[PDB]
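Bear in mind that the values in this text are calculations on the coordinates, not laboratory data. Neighbour counts are summed over all protein chains in view; Cβ atoms, including those assigned to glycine, are modelled from backbone coordinates with ideal geometry.
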Amino acid sequence: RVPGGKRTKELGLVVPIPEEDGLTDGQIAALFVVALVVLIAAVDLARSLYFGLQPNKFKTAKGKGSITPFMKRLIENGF
Amino acid sequence: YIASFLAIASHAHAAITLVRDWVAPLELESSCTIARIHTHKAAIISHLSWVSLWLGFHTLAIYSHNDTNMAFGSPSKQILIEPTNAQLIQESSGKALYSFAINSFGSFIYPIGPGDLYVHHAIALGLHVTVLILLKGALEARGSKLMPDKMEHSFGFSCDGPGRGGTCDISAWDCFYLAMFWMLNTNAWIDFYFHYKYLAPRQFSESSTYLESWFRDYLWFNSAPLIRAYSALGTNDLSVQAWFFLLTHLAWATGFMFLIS
Amino acid sequence: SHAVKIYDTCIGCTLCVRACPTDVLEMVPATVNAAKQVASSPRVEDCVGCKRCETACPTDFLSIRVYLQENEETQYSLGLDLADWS
Amino acid sequence: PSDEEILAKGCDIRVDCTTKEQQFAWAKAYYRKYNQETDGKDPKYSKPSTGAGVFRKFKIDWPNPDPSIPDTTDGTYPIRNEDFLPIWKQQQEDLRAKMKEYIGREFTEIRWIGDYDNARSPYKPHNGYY
Amino acid sequence: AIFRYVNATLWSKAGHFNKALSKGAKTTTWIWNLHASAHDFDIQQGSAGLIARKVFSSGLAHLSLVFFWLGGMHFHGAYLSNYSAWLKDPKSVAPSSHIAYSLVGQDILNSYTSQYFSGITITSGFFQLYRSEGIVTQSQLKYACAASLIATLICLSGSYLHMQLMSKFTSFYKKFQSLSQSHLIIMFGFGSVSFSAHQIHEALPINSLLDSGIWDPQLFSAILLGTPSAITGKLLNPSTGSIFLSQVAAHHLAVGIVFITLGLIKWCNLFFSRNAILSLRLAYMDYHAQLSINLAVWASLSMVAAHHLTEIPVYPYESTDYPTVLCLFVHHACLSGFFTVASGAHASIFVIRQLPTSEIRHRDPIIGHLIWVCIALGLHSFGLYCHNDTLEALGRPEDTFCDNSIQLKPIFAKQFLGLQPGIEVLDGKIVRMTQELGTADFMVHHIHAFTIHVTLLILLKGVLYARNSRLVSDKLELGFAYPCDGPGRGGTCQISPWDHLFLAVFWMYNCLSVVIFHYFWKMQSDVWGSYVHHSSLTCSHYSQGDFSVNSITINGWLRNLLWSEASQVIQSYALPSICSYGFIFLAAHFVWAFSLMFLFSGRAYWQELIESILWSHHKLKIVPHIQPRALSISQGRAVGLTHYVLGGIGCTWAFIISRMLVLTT
Amino acid sequence: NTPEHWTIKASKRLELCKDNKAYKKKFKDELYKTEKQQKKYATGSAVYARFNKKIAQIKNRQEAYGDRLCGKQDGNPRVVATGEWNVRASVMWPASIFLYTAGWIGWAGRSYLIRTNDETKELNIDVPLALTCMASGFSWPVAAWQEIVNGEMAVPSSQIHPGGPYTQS
Ligand code: CLA
Ligand code: CLA
Ligand SMILES: CC1=C(C#C/C(C)=C/C=C/C(C)=C/C=C/C=C(C)/C=C/C=C(C)/C=C/[C@@]23O[C@]2(C)C[C@@H](O)CC3(C)C)C(C)(C)C[C@H](O)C1
Ligand SMILES: CC1=C(/C=C/C(C)=C/C=C/C(C)=C\C=C\C=C(C)\C=C\C=C(C)\C=C\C2=C(C)CCCC2(C)C)C(C)(C)CCC1
Ligand SMILES: CC1=C(C/C=C(\C)CCC[C@H](C)CCC[C@H](C)CCCC(C)C)C(=O)c2ccccc2C1=O
């Protein structure tokens, strides 16, 4: 390095550099696989946020909707 | 900086709450804290303005007195008010800590001098003026003597026209815009204080009583390595810092355009 | 487009109508005041938002209010000349 | 000892290099080994071009060059119109002698605040008119 | 003629001139409007005859003011100056006709100028002007002061008289042919001939004696005696470093003869292309048209003066008086910029009040092409600097625009003086030296062109779109100085010619600051300095010739010019000479920052704050019946602009003057 | 740890200036600079006499300030703001006199405004009445306390504009 700091030059502070890179190609690939999973989930989340709630679902969607018993208890308790 | 941003954010969102959330009672009714505050918002703002004016007048005047006397070469003529209250609090804290030790704390206690007193009063001025602007925006967001019907309009609107004498920067968002400059100033003052006392404790203690010390011993003196980073002689590891120093200067100057024209 | 509203405090002096740059306003018969007329805003689609009516209003606080709506800007309210949205 | 063996041994606070002096000795050895005083930029970019007397080197104004700029690239500027200075000195000395003879007496320094009678005044001199 | 109608009764009315101020003092806006419209004689009560009366009498009163200022300058030179010491030895003693009191330790401001004198070093070149004029005695300076005071009294009397001598029938001010002929033949031609006579008869003998070294009263109380056949300007006075005063006198005689000849050919109607200018003659017979044209003429002449006073040396020792030449250049450049923006303003006023010329009917192409040229100029010129910065930071000097790297040679910048090789020196200083142009000069000159073109763009847009535009079609009805037309149509802020000037002033200030920095750095690096020994000299310049190497980058400008050369002003507190300059540096920074308050904020916030404050006054029964009001929008803009320009100019003033004073002493 | 230490005199960060090495050095340096500046001019010069006067001023200033407290590190005289009246460089005396003068100015002014109650008088000052009020403002402390007590100073907030409307009417 060509240090430009007065304190660095005075005290001889150094930026030690390893001989070998910390992570290997396989480790970087695994991290990238996890990042890809994150990206897919994030795209799905962005789509959901963009489209918001769909109150029409009760007209065509399968099932009859459900409220968890704890959610019902919270509703009964109130705010 | 993050703390200052969050504080001004809390103020801005309180103003927005008043604009579009608070359900004000009828005028004569005074039952909630917000209504009680709105009853004497004028007194609040006038007293805050008085405090800000006092702090600014006296801090700037003492600094200018010291500046002129130092320029004429007579440090003995400087007004140097010893920080007796802060020193007493610090001595009590040190007494408690010493008792605990008898039963190290570094940087929790610092020498504290008249320069510290002046800088603390400057920072108090900054805080008081920022709060003045934000409180005025919040308490005039719903209505004002100049614009009584400000509830109907959005949180941020351009103006109300050149009539009624002119209505630039009449919205609560415009008060936030204005208080943002102050936040940046008061935060710059705080950061300059910390950085100067950190770099040169002794020089800060002896010379921080007049503004030329801040302008010369802190900015001009310590600006050398950054500007010298890259030149015709060569470059060093601070060249990136020197290019971002100038890029940001240019960004500031560009902001001047949208602010003025 | 902007929203130009008129309130009964109106005294029918016609200054808003005379100050209108794009003829958004017109006086209409009324019994609320002594002048027996109140300004109306039928052509609010042409309102540009200059608030000259508001400048010319005499009443203590304005009997005519122009609320700006930047989201609903139209070519008439923007005074577009070189480009046409019609 | 020496930088080579210092770096071969290495530094580790956790195990042996519990001495700040040893730590900074190793740091200085590493600095000397791996750091350079300057980036090594060509010295030419630092040398001046205009006003240093070396303008002709760059050939900036080759087509119809300006005569007033010296052609020499050594970096030295000759004095323009050197030949006139002796002539000017001779002219001014000759004029000094001519006026001295014309007056007939030695020149007397004028007084900034002094008052002098006009040579043609009809009244008796109070202060010498010269 | 009837002087019984001039009474002091109207002195206490304070607003009689403006009918809009009849309802006196209902608010503070009334005070501000009174001041703003005090001198707007066109919109004031009366008639066109009264407007002409006021214009002419005010011109005469200002003439008297200038004469008073000149008389004060002469008096200070005579009694409160070291002009005697400077005349005997100009080099050793710095000019100083300025002394400060010892009130609060303020005596520290006075600095050593001579053995028996201590004061403030002046930078106006008045000592050199006196020396050129031949003024070498306190009696002569005293009589010059007396003449200036008598002229002041005469001009004051003339203004007072003409306020009543001129009646509604008066028309002498509309006789443009007579006015121009008289000014061209008498004021200029005869004036120049008479001044050539003055030089030949008074200054030439005195200046020749001073150059020789003679200081004899009898001598102080044969043209071309010492001037050789060398072309004027090609040979400077070896003992003074300036053009021969006999050559100057011959110049003035020739100029007067030329002016008289021009006037006589105009009198005889020899000029034939009257039709090409007849349209302008008919259109521009207006107060504001003439004011704009004259302001532009004097701005250009001031810029030419700024350049020539330095490049071409004519005053004795002003060439080596580095603070003097620098201050003269900077002052006259600033005046050029201010009067140019003034010309733009009054062009806009003329367009508003009168019918414009037909070039306004294709204004869209004009301003469109000016916008394009401004954008292209700025892009290329400033992006060369940005490219240099980025590449040099990345570590690739070979990729930058500089003399060693890619070079932009100014091929068109060619000599015309044809001077001999070498430089001219006088007592350890470089009186004259050729400026060598390269990539840095190319870049800085194109920056100059860019800034000039943008300022011109703002002024021309204000002038051409004053009457109406696509946005607002009744700008003529709105007038000249209005804040806006409303938040409508997107927002019509600063659509008025007044606001166009308000921005053109910022841009003129930016242009002039860059010009001042260019001149200062180039002169310090490549022209001024000392020399160390057919003889060849190595020239040691004050800035060490760093302009050509460092000026190619904005970082170089920031470091080698502002930071590096602010050492004198920034470290001036202890020094008796320039402690005032350091304090003014600080205070100008403060004022410039304080201007941003008005430049960024708006009326409504301050009005609401004022009302909240006034609540407490009303509570305590302090009721001001001149109801406090926030400054109008246009006034806030004006205050911000004034403080901004004043602070910037003060910082530059203190910085450059401190540097020059310290370096030369 | 003692009531005696409450006084600013008994503090470890301050010392008497006459016994402060930094204070002595600073003044010695100021005197040296002034003398060096003086030496440039001729002995019998008016500027020489002025510099002698300035040197005398500096010496008298040093003698006067020797009694005041100043920090050990920098040795510059300090201003006591605790509230101790009987201490050199006390802030109370200037504070009290300024407060009296400022109250005088405010009272005078308020009294003129109350007496006139007219924008015309505000613009064209009734100089006799203005001078009368300026002279009368000397008893402002007693007059102001009496008016505050008797209710002639402040008016109920219902008599003045409160501000903008924050609710529906
Ligand atoms: C009481 C203050 C005072 C007074 C009365 C004068 C008076 C004079 N000075 Mg000035 N001067 C002052 C302070 C003062 N000066 C200070 C503090 C300095 C710094 C050491 C100087 C340095 C100085 C020099 C070097 C020269 C003068 C000269 C003059 C004469 C010029 C005429 C004139 O002013 O025209 C009116 C001119 C103006 C109103 C100029 C307005 C615009 C200026 C140039 C803007 C520049 C920045 C500004 C100074 C500061 C802005 C920031 C600030 C608000 C904090 C006159 C005798 C000249 C002379 O010939 O003297 C015999 C001369 O050469 N003065
Ligand atoms: C540094 C501050 C700054 C900057 C950058 C500008 C820039 C500009 N102003 Mg100015 N202006 C300023 C301050 C500034 N102003 C202030 C404070 C004011 C208030 C008084 C004004 C008031 C004002 C007015 C009233 C006008 C201008 C005009 C202009 C334009 C001039 C022409 C042009 O664009 O050419 C040069 C452009 C530049 C130098 C911009 C930077 C270009 C760089 C070097 C190259 C870009 C490289 C690359 C493509 C970037 C990609 C980034 C991306 C990948 C992220 C330009 C946009 C005029 C205009 O618009 O005319 C057409 C105009 O009328 N300005
Ligand atoms: C289809 C069908 C049938 C079938 C079938 C049959 C027999 C199918 C068999 C399928 C088979 C045998 C499929 C293997 C997949 C292996 C995978 C995906 C491995 C990935 C491994 C990965 C992604 C690992 C990656 C890394 O971690 C590694 C290793 C190193 C780290 O540094 C990091 C990385 C990221 C680099 C029936 C049942 C017969 C009838 C039915 O009717 C229809
Ligand atoms: C002692 C001391 C201290 C402390 C102090 C304090 C803490 C104080 C307080 C104070 C306060 C806490 C006060 C209160 C107040 C209140 C009120 C409520 C008031 C009111 C007022 C009024 C009402 C007025 C009126 C008037 C007058 C009287 C005059 C002028 C005019 C007028 C009208 C303005 C210190 C440390 C600082 C310093 C040292 C000493
Ligand atoms: C601060 C400010 C105000 C408020 C400022 C006001 C009302 C100015 C105050 C005027 C005073 C009373 C004039 C007296 C002069 C000064 C008090 C002098 C001080 C001098 C020192 C050296 C002591 C506006 O009204 C305004 C309007 C439009 C755009 C920007 C602004 C703006 O920035």
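A few points about this structure:
- Neighbour counts of other Cβ atoms within 10 Å put F:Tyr23, D:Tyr102, E:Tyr465 in the fewest-to-most order D:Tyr102, E:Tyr465, F:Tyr23.
- Under a 5 Å amide H cut-off, with hydrogens placed 1.01 Å from N, B:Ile81 pairs with F:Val79 among residues at least 5 apart or on other chains.
- For chain D, averaging the sequence separation of C-alpha pairs within contact (under 8 Å, six or more residues apart) and dividing by the residue count gives a relative contact order of 12 percent.
- What the phi angles of segment A:73-79 give under the Karplus curve with 6.51, -1.76 and 1.60, with θ = phi - 60°, is a coupling list of 5, 4, 4, 5, 4, x, 8 Hz, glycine and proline written as x.
- From least to most packed, judged by other beta carbons within 10 angstrom and beginning with the fewest, F:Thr167, B:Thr33, B:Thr68 follow the order B:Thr33, F:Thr167, B:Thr68.
- Whole-Hz ³J(HN,Hα) from phi, Karplus 6.51 cos²θ - 1.76 cosθ + 1.60, for segment D:65-79, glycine and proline x: x, 6, x, 4, 6, x, 6, 4, 9, 5, x, 10, 10, x, 7
- For segment D:34-104, averaging the sequence separation of C-alpha pairs within contact (under 8 Å, six or more residues apart) and dividing by the residue count gives a relative contact order of 24 percent.
- Dimensions of segment E:284-373 based on its C-alpha atoms, expressed as ranges along the principal axes with the largest first, amount to 53, 33, 16 Å.
- E:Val645, E:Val662, E:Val549, E:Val6 arranged by Cβ crowding within 10 Å, fewest neighbours leading: E:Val6, E:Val662, E:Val645, E:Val549
- Each semi-axis of the equivalent ellipsoid for the protein assembly as shown is √(5λ) with λ an eigenvalue of the Cα gyration tensor; in descending order they amount to 58, 47, 40 Å.
- Ellipticity estimate at 222 nm from DSSP helix runs (n ≥ 4, -39,500 (n - 2.57)) divided over chain D, nearest 500: -10500 deg cm²/dmol
- When the chymotrypsin sites (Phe, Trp or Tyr not before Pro) in chain C are filtered for DSSP coil states and for at most 11 other beta-carbon atoms within 10 Å of their beta-carbon, the remaining sites are C:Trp85.
- Magnitude of the charge dipole, chain F, Cβ model with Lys/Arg +1 and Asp/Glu -1, debye to 20: 1840
- Span from the segment C:1-78 Cα centroid across to the segment E:226-248 one, whole angstrom: 77
- Distant alpha-carbon pairs in segment E:551-665 (separation over 25 angstrom), percent: 47
- Within 10 Å of the Cβ of each residue in F:25-34, the mean number of Cβ atoms contributed by other protein chains is 2.
- From the alpha carbon centroid of segment B:205-261 to that of segment B:155-186 is 30 Å.
- Cα-based shape type of segment E:183-297, given that a ≥ b ≥ c are square roots of the gyration tensor eigenvalues and the cut on a/c is 1.5: prolate
- Spin-label model, D:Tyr129 to E:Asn275: label points 7 Å out along the Cα-to-beta-carbon direction sit 6.8 nm apart.
- The amide H of E:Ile99, built 1.01 Å from its N in the peptide plane, has E:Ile120 as neighbours under 5 Å, considering only residues 5 or more places off or on other chains.
- Under 5 Å from the amide H of E:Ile406 lie the amide H atoms of E:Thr400, each residue being 5 or more positions distant or on a separate chain, with H modelled from the backbone and absent for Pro and chain starts.
- Dipole orientation for chain A: of the candidates A:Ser48, A:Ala29, A:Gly63, A:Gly63 has the Cα lying most toward the positive pole (charges on Cβ; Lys, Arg +1; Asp, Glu -1).
- Distance in nm between pseudo-label sites at E:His201 and E:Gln177 (7 Å out along the Cβ direction from Cα): 3.5
- Normalising the average separation of contacting C-alpha pairs (under 8 angstrom, six or more residues apart) by the number of residues puts the relative contact order of chain F at 18 percent.
- Think of chain E as having a plus end and a minus end, set by charges on the Cβ of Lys, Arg, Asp and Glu; of E:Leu641, E:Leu141, E:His533, E:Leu641 sits farthest toward the positive end of this dipole.
- Viscosity 1.002 mPa s, 20 °C: Kirkwood-radius Stokes-Einstein D of chain A over Cα pairs, µm²/s: 109
- For the protein assembly as shown, a crude dipole built from +1 on the beta carbon of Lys and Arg and -1 on the beta carbon of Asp and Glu, taken about the Cα centre, is about 2380 debye to the nearest 20.
- Too-long pairs where the Cα-Cα distance tops 23 Å, listed order kept, from C:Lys5/C:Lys51; D:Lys57/E:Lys429; F:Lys25/F:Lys54; D:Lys47/E:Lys409; B:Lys150/C:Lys5: D:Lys57/E:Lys429
- Whole-Å distance, taken between Cα centres, linking segment E:16-44 and segment E:510-559: 51
- Projecting label points 7 angstrom from Cα along Cα→Cβ for B:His58 and A:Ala46 puts them 5.6 nm apart.
- Of the GluC sites (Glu not before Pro) found in segment F:1-84, no site is in coil according to DSSP while having at most 12 other Cβ atoms within 10 Å of its Cβ.
- Toward the positive end of the charge dipole of chain C, with +1 on the Cβ of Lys and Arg and -1 on the Cβ of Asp and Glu, the farthest Cα among C:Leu82, C:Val32, C:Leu15 is that of C:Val32.
- Dividing the summed helix terms, -39500 (n - 2.57) for each DSSP H run of n ≥ 4, by the number of residues in chain E produces a 222 nm estimate of -18500 deg cm²/dmol to the nearest 500.
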